[PDB]
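Quick notes on the structure that follows.
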Amino acid sequence: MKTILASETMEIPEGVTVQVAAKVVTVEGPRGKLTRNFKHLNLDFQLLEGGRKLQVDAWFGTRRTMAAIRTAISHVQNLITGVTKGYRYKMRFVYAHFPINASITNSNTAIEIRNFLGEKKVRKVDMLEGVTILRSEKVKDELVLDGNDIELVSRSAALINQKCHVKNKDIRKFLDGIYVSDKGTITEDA
RNA sequence: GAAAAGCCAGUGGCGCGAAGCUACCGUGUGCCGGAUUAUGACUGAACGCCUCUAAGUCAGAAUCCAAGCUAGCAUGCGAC
């Protein structure tokens, strides 16, 4: 179209190592590996000196191009921090008659949900990324789902949220489920 | 002629009748994976925040395409 643009650059910390080839960026830290492709119009992705600056750049701009770059910046920040501490999503039971019972299938990584709305069959759904579900249930509140990838950890929690909707009548009145209560957190020990 | 064994009545009529055929008037059998939609979602800009969407992306239907089933390209072909 028209107009022009220039590069926007983020300091990469020394404690995170990055290596780039093509427009695919590999971010590595002690919490694992995260690899994404930021392909877009007039947009190249390169590492302008390791431990100094991570660069996402474009040499031409229009509304479409500019929109992608801000998004790219947000996404790469999540990866840099995600390889050093990981992200944790927190989900809290609400039930009005049915105790919902959560456990982990360690082999064939999935989270199993018993007694959603009187079902005889335990319904379970996989775990996306090498995410692990840890339960600090206490009273029967918190389920804390921890992995490196912000998107995939959130997606694993999200499929549970879709499942626990009550659709015979009236989602509003029937609050049986475990619902995403987070968009999640910094870090901590325990 | 009768006996006996049969003939004719456009298949004489009647009761039964195998073999054959046939009846949700008899029986038995009739397939499950994937890709997706609707739709809810993720991460997330545009719109520092935020949003299912712009880029990328997930789950998902009596759908669709295999799987499967029927013709077998007679003017496709292989091996022998």
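Please note that chains go A, B, ... in the order of the structure tokens, that every chain numbers its residues from 1, and that ligands are numbered from 1 in the order shown.
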Alpha helix (DSSP H) call set, DSSP backbone run, region 69-175 of chain A, as a PDB file with C-alpha atoms, in the first residue's frame:
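The resulting file, part-v1.pdb, is shown below:
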ATOM      1  CA  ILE A  69       4.493  -6.429  14.887  1.00  0.00           C
ATOM      2  CA  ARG A  70       2.880  -5.351  18.200  1.00  0.00           C
ATOM      3  CA  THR A  71       1.416  -8.865  18.513  1.00  0.00           C
ATOM      4  CA  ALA A  72       4.815 -10.413  17.713  1.00  0.00           C
ATOM      5  CA  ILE A  73       6.461  -8.362  20.498  1.00  0.00           C
ATOM      6  CA  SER A  74       3.832  -9.510  23.021  1.00  0.00           C
ATOM      7  CA  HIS A  75       4.219 -13.160  22.027  1.00  0.00           C
ATOM      8  CA  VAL A  76       8.024 -13.269  22.187  1.00  0.00           C
ATOM      9  CA  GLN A  77       7.959 -11.669  25.670  1.00  0.00           C
ATOM     10  CA  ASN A  78       5.799 -14.548  26.852  1.00  0.00           C
ATOM     11  CA  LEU A  79       8.323 -17.054  25.502  1.00  0.00           C
ATOM     12  CA  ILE A  80      11.366 -15.385  27.061  1.00  0.00           C
ATOM     13  CA  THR A  81       9.724 -15.313  30.474  1.00  0.00           C
ATOM     14  CA  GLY A  82       8.021 -18.693  29.894  1.00  0.00           C
ATOM     15  CA  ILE A 150       1.339 -19.676  27.719  1.00  0.00           C
ATOM     16  CA  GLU A 151      -1.096 -20.609  24.924  1.00  0.00           C
ATOM     17  CA  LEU A 152      -1.115 -24.409  25.235  1.00  0.00           C
ATOM     18  CA  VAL A 153      -1.412 -24.462  29.039  1.00  0.00           C
ATOM     19  CA  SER A 154      -4.400 -22.098  28.732  1.00  0.00           C
ATOM     20  CA  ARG A 155      -5.943 -24.285  25.981  1.00  0.00           C
ATOM     21  CA  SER A 156      -5.734 -27.438  28.131  1.00  0.00           C
ATOM     22  CA  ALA A 157      -7.615 -25.626  30.920  1.00  0.00           C
ATOM     23  CA  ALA A 158     -10.036 -24.153  28.349  1.00  0.00           C
ATOM     24  CA  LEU A 159     -11.283 -27.543  27.069  1.00  0.00           C
ATOM     25  CA  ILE A 160     -12.345 -28.368  30.637  1.00  0.00           C
ATOM     26  CA  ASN A 161     -14.239 -25.046  30.707  1.00  0.00           C
ATOM     27  CA  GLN A 162     -16.118 -25.993  27.489  1.00  0.00           C
ATOM     28  CA  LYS A 163     -16.979 -29.433  28.913  1.00  0.00           C
TER      29      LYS A 163
END
Exercise. Could you give me, as an MDAnalysis selection string, the residues within 6 Å of region 173-187 of chain A, counting only C-alpha atoms (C1' of nucleotides) and dropping anything in the same chain fewer than 3 positions from it?
Key: chainID A and resid 88:95 161 164 170
Quick one: write out the picked residues with C-alpha atoms as a short mmCIF file (atom, residue, chain, number, x, y, z; two decimals), in the first residue's frame?
data_model
loop_
_atom_site.label_atom_id
_atom_site.label_comp_id
_atom_site.auth_asym_id
_atom_site.auth_seq_id
_atom_site.Cartn_x
_atom_site.Cartn_y
_atom_site.Cartn_z
CA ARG A 88 0.47 -21.28 35.71
CA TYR A 89 -3.28 -21.17 35.27
CA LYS A 90 -5.49 -21.56 38.29
CA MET A 91 -8.97 -23.01 38.14
CA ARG A 92 -11.41 -23.25 41.01
CA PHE A 93 -14.27 -25.71 41.52
CA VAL A 94 -17.84 -24.51 41.87
CA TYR A 95 -20.49 -27.16 42.50
CA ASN A 161 -14.24 -25.05 30.71
CA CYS A 164 -18.40 -28.21 32.20
CA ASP A 170 -29.76 -22.73 31.85
#
Please identify every residue of chain B that has at least one atom no farther than 10 Å from an atom of chain A, counting only C-alpha atoms (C1' of nucleotides), and for each give the shortest atom pair and the distance in Å to one decimal, arranged by chain then increasing number, as CSV.
residue,atom,partner,partner_atom,distance
B:40,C1',A:162,CA,6.5
B:41,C1',A:158,CA,6.6
B:42,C1',A:155,CA,5.2
B:43,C1',A:151,CA,4.9
B:44,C1',A:71,CA,6.1
B:45,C1',A:71,CA,4.9
B:46,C1',A:67,CA,5.3
B:48,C1',A:70,CA,9.4
B:54,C1',A:64,CA,7.1
B:55,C1',A:68,CA,6.2
B:56,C1',A:38,CA,8.0
B:57,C1',A:151,CA,8.9
B:58,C1',A:155,CA,6.7
B:59,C1',A:159,CA,6.7
Quiz item: Any idea what's packed within 8 Å of residue 117 (chain A), counting only C-alpha atoms (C1' of nucleotides), ignoring anything in its chain fewer than 2 positions away? Could you give it as an MDAnalysis selection string?
Solution: chainID A and resid 98 115 119 176
Quiz item: Excluding same-chain residues fewer than 4 positions from residue 8 (chain A), what lies within 8 Å of it counting only C-alpha atoms (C1' of nucleotides), as number ranges by chain?
Solution: A: 55-57
Quiz item: Contacts of residue 61 (chain B) at 10 Å or less, counting only C-alpha atoms (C1' of nucleotides), minus same-chain residues fewer than 4 places along, as an NGL selection string?
Solution: :B and (36-38)
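We find CA of residue 144 (chain A) and CA of residue 26 (chain A) to be spaced 26.7 Å apart.
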Quiz item: Would you give me, as a VMD selection string, the residues in region 47-88 of chain A that DSSP reads as strand (DSSP E)?
Solution: chain A and resid 47 to 48 53 to 58 87 to 88
Practice problem: Might you pull out every residue within 7 Å of residue 100 (chain A), with only C-alpha atoms (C1' of nucleotides) counted and same-chain residues fewer than 5 positions away left off, and present them as an MDAnalysis selection string? | Solution: chainID A and resid 113:116
Practice problem: For residue 32 (chain B), please output as a ChimeraX atom specification all residues within 12 Å (counting only C-alpha atoms (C1' of nucleotides); exclusion window: fewer than 4 positions along the same chain). | Solution: /B:66-68
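One distance worth recording is that between CA of residue 54 (chain A) and CA of residue 22 (chain A), which is 14.0 Å.
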Quiz item: Between CA of residue 146 (chain A) and CA of residue 129 (chain A), what is the distance, to one decimal in Å?
Solution: 10.0 Å
